[PDB]
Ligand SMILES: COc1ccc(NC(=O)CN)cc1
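Single chain ahead, by itself, as structure tokens, in the form deposited without the ligand.
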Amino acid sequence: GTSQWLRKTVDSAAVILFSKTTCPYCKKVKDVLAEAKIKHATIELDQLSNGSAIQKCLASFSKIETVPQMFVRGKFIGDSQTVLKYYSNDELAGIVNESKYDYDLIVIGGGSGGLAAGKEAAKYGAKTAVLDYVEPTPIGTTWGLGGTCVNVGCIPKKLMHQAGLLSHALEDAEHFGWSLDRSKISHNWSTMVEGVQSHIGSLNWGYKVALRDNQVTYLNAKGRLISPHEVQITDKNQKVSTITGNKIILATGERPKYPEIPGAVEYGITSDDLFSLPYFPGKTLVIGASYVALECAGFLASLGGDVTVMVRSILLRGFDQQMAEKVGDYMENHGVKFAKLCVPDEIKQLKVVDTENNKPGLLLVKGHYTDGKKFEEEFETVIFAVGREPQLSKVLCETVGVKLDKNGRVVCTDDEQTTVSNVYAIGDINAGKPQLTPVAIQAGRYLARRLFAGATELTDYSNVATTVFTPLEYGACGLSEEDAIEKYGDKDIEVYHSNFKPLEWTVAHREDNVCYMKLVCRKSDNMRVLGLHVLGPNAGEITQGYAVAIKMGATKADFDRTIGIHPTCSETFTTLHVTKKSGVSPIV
């Protein structure tokens, strides 16, 4: 019953006050703790819907059933007079700071989930340490605090995506009446990297400050869990030492893989390097077909580069494959070339990168197709986006006993708990969860509230919406069409779909029938919406609101009875009617 909740909370919380709102004796303790700069969690029992039962089990720890009761790391401290006695005797500081370990929580990894978990834990009185270290790339690139998204991920690529998009606005401008001469317009790579890097730098520093003003200790060190409560750390000056913590959170994420071919590590780069590269890549070869590969090929072509993408098999594996093909067809018609069904064999250096003059090198790529024929072409730059992976042998001593799945990711319960009872993992290294930054932040926030504040909310990991930021963006929430058919049978699946054309595209003389959307619906369940898909401008802003409706179990009927906002792209979802089974064309 309620009893096992209360004991979990009391054993885990660092400082926690069971209080009531209309209690002037409770206010006296809150104010004293606030003046002493003592942060704590608070459980207002008159607001929880079974506070009476809780007030009874409290007596199992404190032998009293009144309010307030203050606890520190599992130990009952006093009622109002006892804490007030400690305070006027100068004994309150040394009691709240009494712990078996150096910290209440050590977070290994200062990325999206790590930093989120750390700040949230500190709010409730947990002495917290956050460790972060950025191991350099093969050519030596390195960056500041924040993790992959901040430094070499979502933030720089979308800013470069946006620089690409601005090229369309210079194309459109004559049709809308602006007199600029588009043919004498060049883009400057290094100017744009400076502005992107400058915003990035403002985020590293913002994070360092945030940690400081939350009383979190930031340690720029490499962590290693040598035992369930012991984390070993290495300085930037090689200096080694050991710190201890009650709870450990692992949040060290992933890094880009390289194919095992001669020349790859020596002569190629990855996305870790692309966002601070000091020279324009030049004629580029992007090898791979994930969203990283397609997004990066996309904005290089838009900034005027000569870009080729080498695809082993298909585009965007695991995504709706009608949509992936539409995405890829847009790119192929708007200046991205593809070497389909082709694979690399080696990279040969012909020219070394010129640091002085700020120029790329020259490379020779040898590959072959699946018919056997040979690929041979020279490129100034070669980017590998062939997947990402964790390296938990650098982080996690095998003797500690954290169970890893077959890819190297951490097996966790639905509350992020590992096979060692005090160790948890969040974000990209949590086996089988969506690898996305908002997921890592919600995971790490919600988990901090459970350990140190007595919350019960779990992170919900299903139907998390995504957006691929290719030249024509692709937004999705829910099942792909092939997955929905394979799960319920083709007779049980109805798909409503339609092309559309942004009103902005009419005067600009753009394509009529490339933008596309569809709803995938289960017949036998009130036409429930299993998955939404849209290819068009601003696809993230379009998709996001519908993720709420879908989390609430939206049906086709719900979409019909809601009225559109006009003129928008997104309103076309409110009047879909052509089914795929009908065979009627979806064009405009």
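Numbering starts at 1 and runs along the sequence shown. C-alpha atoms forming the largest set that superposes within 1.5 Å between two forms make up the rigid core.
Superposing each structure in 9 other deposited structures of this protein on the rigid core shows that the farther-lying of 294-302 and 76-84, by root-mean-square Cα distance, is 76-84. Greater C-alpha displacement in 9 other deposited structures of this protein (rigid core superposition, RMS over structures and residues), of 577-585 versus 1-9: 1-9. 69-77 and 167-175 differ in mean CA B-factor, and the higher of the two is recorded for 69-77. In this crystal structure, the stretch out of 466-474 and 385-393 whose C-alpha atoms carry the higher mean B factor is 385-393. Comparing the C-alpha B-factors of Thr562, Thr555, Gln544, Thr42 in the entry, the top value falls on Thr42.
Ranking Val402, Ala117, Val439, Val307 by the C-alpha B-factor listed in the PDB entry places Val402 at the top.
Sort the modelled residues of the chain by CA B factor and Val578 lands in the middle third.
Among the modelled residues of its chain, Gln321 has a C-alpha B-factor that falls in the lowest third according to the deposited record. Ranked within its chain, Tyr218 lands in the middle third, by CA B factor from the PDB record.
Sort the modelled residues of the chain by CA B factor and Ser186 lands in the highest third. In this PDB entry, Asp329 carries a Cα temperature factor that places it within the lowest third of its chain's modelled residues.
This protein has a second form, the form deposited with the ligand bound, left out of what is shown; the following refers to that one.
The ligand in the entry with it bound comes within 4.5 Å of no heavy atom belonging to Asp213. For the chain shown alone, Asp90 is not a contact residue for the ligand in the entry with it bound, no non-hydrogen atom being within 4.5 angstroms. For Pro278, a non-hydrogen atom is located within 4.5 Å of the ligand in the entry with it bound, even though that partner is not displayed. Using a 4.5 Å cutoff between non-hydrogen atoms, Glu194 counts as a contact of the ligand in the entry with it bound.
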